[PDB]
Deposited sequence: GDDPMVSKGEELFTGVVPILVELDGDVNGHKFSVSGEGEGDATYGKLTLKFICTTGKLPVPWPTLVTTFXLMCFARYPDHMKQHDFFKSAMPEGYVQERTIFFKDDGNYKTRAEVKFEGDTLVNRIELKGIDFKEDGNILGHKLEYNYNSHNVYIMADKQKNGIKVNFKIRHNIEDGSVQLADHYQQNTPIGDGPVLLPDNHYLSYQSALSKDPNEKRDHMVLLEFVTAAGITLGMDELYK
């Protein structure tokens, strides 16, 4: 299937990734750059993010979902449901509002597309209404991350997909900070894309530090696999 080979032909091997975020939370401005690589054959991402403005004013875990669904591994029987790769190389827009339970919200807009051989994720983030002593600006969240399934549905009228899901961020008294995500993705080019049947992506994420790195940073290892269609 030359659509599977093509959009899929761009992710059959290791792909370099670049991530660039500009953020403003309750007026605190910050920027983050990231570099790494993705191996969609194995559903694998490995990335290192650096805050280039000094100290990150929010917890690094709260940015994990914002900082690449095109690197999911779709099983051969599910390849007709891979919207993310079908939009490449011209790419897609990924937008979210993330509602932090009892606290503020992030609104994000990203464009994910190829620049030459490098897959780029360029993001703008605005957060509003955070509590000075809540879990986000309080830096109350553990530096860790739970596995989550993400439910993908078509948004036919928008020629894209919508995605809903809840992240639970653990806190060091046993409670969690819920972050309710509402997502929409839409193609940047005008060409054909795959609008899937409902399915999910299974995510596992591990966060770590580069022991040699003095800048504020996060190392993120993610494995993502599609399922939910027998």
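Peer 1: Compare what was deposited with what's modelled and send me the C-alpha-less stretches, numbered from 1.
Peer 2: Unobserved in coordinates, per deposited numbering: 1 to 2, 70, 234 to 241.
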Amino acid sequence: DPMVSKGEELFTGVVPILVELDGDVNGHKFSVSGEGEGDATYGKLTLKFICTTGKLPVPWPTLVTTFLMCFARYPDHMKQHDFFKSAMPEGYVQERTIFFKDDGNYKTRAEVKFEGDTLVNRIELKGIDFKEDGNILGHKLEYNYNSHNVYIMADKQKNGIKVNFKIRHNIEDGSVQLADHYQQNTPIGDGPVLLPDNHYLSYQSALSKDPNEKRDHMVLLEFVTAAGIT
From here on, numbers count along this sequence of modelled residues.
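Peer 1: If you average the Cα B factors in the entry, which is higher, 23 to 31 or 45 to 53?
Peer 2: According to the PDB entry, the answer is 23 to 31.
Peer 1: Mind pulling up the entry and telling me whether 70 to 78 or 152 to 160 has the higher mean Cα temperature factor?
Peer 2: In the deposited entry, the stretch with the higher C-alpha B-factor mean is 152 to 160.
Peer 1: Per the PDB entry, which option out of 142, 102, 90, 95 has the greatest Cα B factor?
Peer 2: Answer, based on the entry's C-alpha B-factors: 102.
Peer 1: What's the residue among 115, 111, 124, 133 with the greatest CA temperature factor in the PDB record?
Peer 2: Out of 115, 111, 124, 133, the record gives the largest C-alpha B-factor to 133.
Peer 1: Looking at the C-alpha B-factor of residue 183, is it in the lowest, middle or highest third of its chain?
Peer 2: According to the entry, residue 183 has a C-alpha B-factor in the chain's lowest third.
Peer 1: Please rank the C-alpha B-factors of the chain's modelled residues and tell me whether residue 60 sits in the lowest, middle or highest third.
Peer 2: According to the entry, residue 60 has a C-alpha B-factor in the chain's lowest third.
Peer 1: Comparing residue 175 with the other modelled residues of its chain, is its CA B-factor in the lowest, middle or highest third?
Peer 2: It falls in the top third of the chain.
Peer 1: What third of the chain, by the recorded C-alpha B-factor, contains residue 10?
Peer 2: Highest third, going by the recorded CA B-factors of the chain.
Peer 1: With respect to C-alpha B-factor, does residue 217 fall in the lowest, middle or highest third of the chain as deposited?
Peer 2: Bottom third by C-alpha B-factor.
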